[PDB]
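Just one chain follows, in the form deposited in one PDB entry, and it is written as structure tokens.
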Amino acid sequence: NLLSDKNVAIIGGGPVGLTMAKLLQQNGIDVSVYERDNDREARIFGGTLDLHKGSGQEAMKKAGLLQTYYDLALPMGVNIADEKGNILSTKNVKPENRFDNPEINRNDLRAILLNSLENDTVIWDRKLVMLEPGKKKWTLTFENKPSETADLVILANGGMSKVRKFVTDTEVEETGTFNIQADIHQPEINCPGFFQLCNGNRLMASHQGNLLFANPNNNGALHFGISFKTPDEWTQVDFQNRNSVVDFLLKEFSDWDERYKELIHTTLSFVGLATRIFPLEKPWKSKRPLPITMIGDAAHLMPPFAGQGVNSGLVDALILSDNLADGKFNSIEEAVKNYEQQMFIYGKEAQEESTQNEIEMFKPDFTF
């Protein structure tokens, strides 16, 4: 055990950081997770996640959590519709595929992971602001909270991580598309037409450079996403002002059936976010003052257009913890290096599929 008298600090308790903690902890490795969120009941904004066979489900299997993911997750059909609300295609989940990639709510998934860990593995209300290599141990600075030390830092703190410099100088880039996401509670009441259009399935529609995506049943809330090429004029919409978002969306969707509009009218608040990528373009720094690495979105943030986001992040966790558990390597540095080499290959494959899908979707005639 390379980590025998040592401790690991995982930065970020997202699905990836928590899975990592779990895989380490079951091999007797001393690990803490430092998480920005105030407490375990903070709501996680966003849609559902789905775990794939051969990747995310493998990580959950190794964690002893796969059945638990199954119990909480929900297989979903997919309806493809036009802007007029015609159903162009309906694909239901066949009994035999119910386990392929059922949708799970992000708080549900967090709860499964947190529960699997020993008490006080996760330290809440810990926003890592700075890292500093000492002689043997990293010193870790948390906003308005005591400092901590660790022999190995694993950054799992998401695609906007600000603390990556000791691993790489690569920066996040905007890919050119933009996403507006929102929730509607009691959608059966609040967007009845649209809710009926989804009819228990996820829904996707495409028209004139505007893509709309919806999951009508994220623990009872409807989550939708509207994606388009970032307008040249952008910024000119303020996401704190629902009126300017509504104005923009109604103009973009003026062509769409009234049920889609009702969706935009009824939404209380929208989150706007530019699609981004942390490109696995150049190798990471091969000289590092102490052992440090990155997994999940911190390592390979990619556009959310291929479902590869969480799954490749779960694989990282699986590959890194395997490496770190086995006296298969001479040093933590070697265990990390070997993990990073593998991740560059499947990571880069996932990024290319995300990028390619993103391009393919936003061309003049896209048809799902």
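Shifts are known only where both forms have a C-alpha. Here the rigid core means the biggest group of C-alpha atoms that line up within 1.5 Å when the two forms are laid on top of each other. Residue numbers run from 1 along the displayed sequence.
The modelled chain is continuous from residue 239 to residue 240, since every residue of the deposited sequence in that stretch has coordinates. Relative to its counterpart among 88-96 and 294-302, 88-96 has the higher mean temperature factor, C-alpha atoms as listed in the PDB entry. Comparing the deposited coordinates for 210-218 and 258-266, the stretch with the larger average C-alpha B-factor is 258-266. Of the residues listed, 316, 50, 37, 334, the entry assigns the biggest Cα temperature factor to 334.
When the CA B factors of the chain's modelled residues are split into thirds, the value for residue 82 lands in the middle one.
Split the chain's modelled residues into thirds by C-alpha temperature factor. Residue 57 is in the lowest one. In the deposited entry, the Cα temperature factor of residue 10 sits in the bottom third of values across the chain's modelled residues. Placement of the Cα temperature factor of residue 324 within the chain: highest third of the modelled residues, per the deposited record. Remark: residue 225 belongs to the lowest third of its chain, ranked by C-alpha B-factor as recorded.
Here the subject shifts to the form deposited in another entry, a form of this protein not shown in this document.
Checking 188, 281, 169, 100 for C-alpha shifts of 2 Å or more between the shown form and the other one, after the rigid core is superposed, gives a single hit: 100. In a rigid-core overlay of the protein, residue 129 has its C-alpha displaced by under 2 Å between the shown form and the other one. A displacement of less than 2 angstroms separates the C-alpha positions of residue 272 between the shown form and the other one, with the rigid core held in common.
Superposed on the core, the two forms differ at residue 91: its CA moves 2 Å or more between the shown form and the other one. In that other deposited form, the CA atoms of residue 60 and residue 98 sit closer together than in the displayed form, by at least 3 angstroms. The gap between the Cα atoms of residue 93 and residue 215 is larger in that other deposited form, by no less than 3 Å, than in this form. Regions that shift between the shown form and the other one, defined as runs of three or more consecutive residues whose CA atoms all move by 2 angstroms or more after core superposition, reduce to a single one, 85-100.
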